[PDB]
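In the block that follows, a single chain appears as structure tokens, in the form deposited in one PDB entry.
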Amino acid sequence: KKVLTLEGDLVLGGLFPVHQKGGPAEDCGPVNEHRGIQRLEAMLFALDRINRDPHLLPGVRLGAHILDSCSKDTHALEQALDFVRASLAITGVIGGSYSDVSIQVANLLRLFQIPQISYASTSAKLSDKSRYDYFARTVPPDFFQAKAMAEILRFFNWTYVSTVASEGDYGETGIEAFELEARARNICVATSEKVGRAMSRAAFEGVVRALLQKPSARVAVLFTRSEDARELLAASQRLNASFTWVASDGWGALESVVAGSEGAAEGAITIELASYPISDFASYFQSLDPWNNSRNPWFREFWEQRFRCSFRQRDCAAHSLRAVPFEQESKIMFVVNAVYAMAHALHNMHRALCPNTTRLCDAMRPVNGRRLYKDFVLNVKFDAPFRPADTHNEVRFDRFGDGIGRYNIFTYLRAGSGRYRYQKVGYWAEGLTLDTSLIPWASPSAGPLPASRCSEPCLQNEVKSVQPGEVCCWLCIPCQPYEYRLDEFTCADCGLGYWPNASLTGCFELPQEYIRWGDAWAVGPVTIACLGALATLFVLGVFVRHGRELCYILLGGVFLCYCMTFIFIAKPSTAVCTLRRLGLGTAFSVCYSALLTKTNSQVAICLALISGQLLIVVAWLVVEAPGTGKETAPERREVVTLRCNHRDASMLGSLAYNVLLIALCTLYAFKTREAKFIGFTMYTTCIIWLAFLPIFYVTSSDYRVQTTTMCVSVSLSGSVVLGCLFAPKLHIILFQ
């Protein structure tokens, strides 16, 4: 346990993590390049500039009592005892890089009223002034960081996400803060596992495998320390698992975390505190040699580890820090700001308690911890030292002693040839300002974005949601074909006669398929009906060339029977349905009535009787609603059939009754006995009518054949009349 002691009137403590934590045998092992050495040298440089600064403590010199925490809370607490040895002197300590280390040291420092200013600890529970009333920090808490990455996740539509955190006072409170923030943003959590402080590589592999237990999640947030993040990346590479990471300031832009794990870190988004490099610190650090810098006791180990050599072998003088590239650690600015804030507090307290002399007066030899704390909580407002060219950064302390929630967003690239650098692609100044153009996996020419969701989306119109009553992880259950997806929560219906197609919200598709004139079953009678009309036209033509009244009526009577057959096949309408009932009844009656006239002024009487049939037909049709109607099937798989009315009504029966009476009237001519010829027509007419009844009876359904056979009966009925009452007559004039 080496000590860094600097002579001075009053000394400042230091708690930098110079050495990384070791195994069970050793308290702490290797020295870290950036987090331990660079920050310690930054504090030493800041102390050097303060001593020679005439405007800041010109008459009193500032010392140092920096100790190594070895990245452990117990060792840091022993060094805190080393701090409080004088009090049981140390006016203040500039240390506490780790949050658990900061809390452990502040717990002891509260008893002795020793103020503490931290440069890297961002734990949200350190803002509790009741528990830590002597603690301050130049960095913001983790609540703003959780808000920032919640906004980042919302930007990339990242809902179903996995949470990885390291146990302690930093990863934990961070993970609950992040989950609390993401709950309000409708962000789900797949798994929540913790990283132990003393865990082996097999345990890291187990954690990585547990991450893979949910293929649904693709992105994992990291609240682990640098060593834990590095081990997790190594385990992910070993298992050949490709992941995208959204890490906290623990990872940041540290190259040691991605050392040897460049493949598994591709596309990882890491945010870090917004800081600027110090031009003077780079020159100060690059001009350091192990012989010249005897002030630092740990510099020899740094030289041995960085430039691989041995002091005993005497092969370390060849290397130099100027030749090798130098990269400033991000939190150097925060260390400098903390040291300068403590120095400014001391200067203000000396200017308000020792106004006469310039050196440390006798009224301040015991330094009051409470007075000093209330002197740098309020009286610290000055331009940040070593601002690059024109920035307006100032060191400020709020009522909680925290900093400003200003963050920078980075991502890990390839940069063509192997360089594997970090590139800033946004910032969080109380608002997300991502730049997707600089991220080489979010460009439109890179394919679909890496998606981490729980429930796969689905086209609303074809398949509807289920609303499981949860925040996410829903299901897609399609609605039945007679349901329109009017709303995402539940589908609706267009109503009877409308098919929910096209837009699927307002549909209004109604099919109106008809029997058509070219039906397979109707192909027969349409040719027969046309043939009968053609035969009637030939019979009508010779009549004009030649009982005159009886023959003309009969020829005309056969004409409209075939004419109405073409009306039925084509299409039904409002006027068609009305004429269909009246025409069919009248034509059958007039043909039989005209035949009765041949059996027996007389023409006027039979037409007058026929006129009475029309009056009865109108009365029957009036009570039958002769208007057309597109009747809908009981179920949906059919369409409207355009049925005028029920065919089982008395409209057909009443017409047949008059026809039967007229047919029975012609039967009287058989008793009188072309008397033989007419009797044959009635006998055939009754049989063909009697043969139609079984056809209509069995075919209750399939209305197409019902209209087809109806046309068949009327078509051949006229042919029988014209083939038995006029064909023998034509034989004596044409054939003979």
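A residue's number is simply how far along the shown sequence it sits, counting from 1. In this text, the rigid core denotes the largest set of C-alpha atoms whose superposition between the two forms falls within 1.5 Å.
There is another form of this protein, the form deposited in another entry, and it is not shown here; the text below is about that form.
Core-based superposition between the shown form and the other one shows that, of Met342, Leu554, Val164, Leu109, only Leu554 has its Cα displaced by 2 Å or more. Taking the rigid core as fixed, one finds a CA shift for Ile528 of 2 Å or more between the shown form and the other one. Here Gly629 counts as shifted, since its C-alpha moves by at least 2 Å between the shown form and the other one after the core is aligned. Positional change of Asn293 between the shown form and the other one stays under 2 Å at the C-alpha, relative to the superposed core.
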